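# Experimental structure and sequence below.
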Amino acid sequence: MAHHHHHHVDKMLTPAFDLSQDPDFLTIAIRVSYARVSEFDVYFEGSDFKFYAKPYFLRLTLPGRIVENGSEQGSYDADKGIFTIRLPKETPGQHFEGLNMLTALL
């Protein structure tokens with residue numbers, strides 16, 4: 001049975017985001033309406049945050065640190081085209097200052 005494969009090949013786009021928090025988690029809501037893909041990849045370390053979802057890219061330096069312990073929680077609303085991620089704070093109770101002022105990094 002003969003086989004034919006075809007791969008199709010594009011500027012990265014900065015998505016709109018809203019940041020909220022409680023004593024335990026920092027939540028990032030990223031709207032990706034032009035959801036070409038439904039696969040979303042998140043990388044975080046210390047205060048560094050990176051989100052990939054072609055053609056969307058968003059990088060942020062957070063005012064505080066996030067810990068890697070599998071308690072982080074991602075979810076997606078198709079009705080609104082919104083991906084939401086909960087990141088547990090490294091120091092619980094710590095209040096992140098200047099959240100609503102954060103700029104996308106290049």
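Structure received. Numbering: from 1, shown residues only.
# In the protein, which residue is most central in space?
residue 51 (4.2 Å; CA atoms, centre = their mean).
# From residue 104, how far off is the closest residue to residue 33 other than its chain neighbours?
Using CB to CB, 6 or more residues apart in numbering and skipping the chain neighbours, the partner closest in space to residue 33 is residue 81 (4.0 Å). The C-beta positions use only the backbone N, C-alpha and C, and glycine is treated the same way. Plainly put, residue 81 is 18 Å away from residue 104 if you go by CB to CB, to the nearest Å.
# Which strands or helices does the biggest strand by length in the chain pack on?
The longest strand of the chain (DSSP state E) is strand 41-53. If you count contacts as 3 or more CB pairs under 8 Å, 6 or more residues apart in numbering; DSSP states H and E, strand 41-53 packs onto strand 25-31, strand 56-66, strand 82-88.
# Would you reformat the ones you listed as a markdown table and include distance to residue 46 and mean neighbour count?
Formatted as a markdown table, the helices and strands packed on strand 41-53 follow (distance: least, CB to CB, whole Å; neighbours: other CB atoms under 10 Å):
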| stretch | distance to residue 46 | mean neighbour count |
| --- | --- | --- |
| strand 25-31 | 13 | 20 |
| strand 56-66 | 5 | 18 |
| strand 82-88 | 12 | 19 |
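# Can you tell me which of those is nearest to residue 1?
strand 56-66 (37.8 Å; CB to CB).
# Next secondary structure element downstream of the closest one?
strand 73-77 (DSSP states H and E).
# what's the neighbour count on residue 24?
13 (other CB atoms under 10 Å).
# where does the nearest residue to it once chain neighbours are set aside land in three-state SS?
Among residues not flanking residue 24 along the chain, residue 92 sits closest, at 5.6 Å (CB to CB, 6+ apart). Secondary structure, DSSP: H, G, I helix; E, B strand; the rest coil: residue 92 is coil.
# measure residue 92 to residue 34 for me?
Taking CB to CB, one finds residue 92 at 36 Å from residue 34.
# bridging residues for the closest residue to residue 102 other than its chain neighbours?
Spatially, and ignoring its direct neighbours in sequence, residue 102 is nearest to residue 60 (5.7 Å; CB to CB, 6+ apart). Beta-bridge pairing of residue 60 under DSSP bridges involves residue 49.
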